[PDB]
């Protein structure tokens, strides 16, 4: 997260850190708890992941430095990638992780609601991106989870900024005209969380962008409301 600030414990309890364990253990992507056995993340996270066997899902984590050889994690039973996914920039960048067992929800591990049936025309004005990613283009994975409030932009404007890409109704963009706040390397797969009527909704999945927080180059997110039928079909 560029232009952001550190979070405190329990502030984003649906945020997870997905680690790979090959060839060495490291943060791979963010993700979001949406059910006791289900994480929603980006499909591009699994490029070159040989199988679910090498994945570890850590919930309840503020600082990456909390993760030690005895820290409890969830195994991944299945990675479910959207059938039409090819690469992040061309859409369908969404994946479900089915965990091996059920998350018992606690103060630090909670689900976030999907965008609701009948809220497709809501204008979200309180949206936040969170993650352990870079604070600049040439940086490092951060120890402490970062947060940044970012405004949504219209799909018309977003397409104008990315005339070499197909910005469809299945994407949503977010960023300041002048730049300065955005996701960056290591934030992908995590949530774009928006609060409406004091309830948090998973509006986007962090997907791709041109550089980090550049002027007139918003971050591009998978538009989760357009995938709710797909999620419900896979989680039942």
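Numbering follows the first chain given and starts at 1.
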For 162-170 versus 132-140, entry-based mean Cα B-factors point to 132-140
As the entry reports it, the stretch among 61-69 and 196-204 with higher mean C-alpha B factor is 61-69
Among 102, 77, 146, 113, highest Cα B-factor in the entry goes to 102
Among 220, 16, 213, 225, the highest C-alpha B-factor in the PDB entry belongs to 213
Temperature factor at the Cα of residue 88, chain-ranked in thirds, falls in the lowest
Temperature factor at the Cα of residue 123, chain-ranked in thirds, falls in the highest
Chain-relative C-alpha B factor for residue 26 (record values, thirds): the middle
Sorting the chain's modelled residues by C-alpha B-factor and splitting them into thirds places residue 153 in the highest
Assert third(CA B-factor, residue 189) within chain per record equals lowest
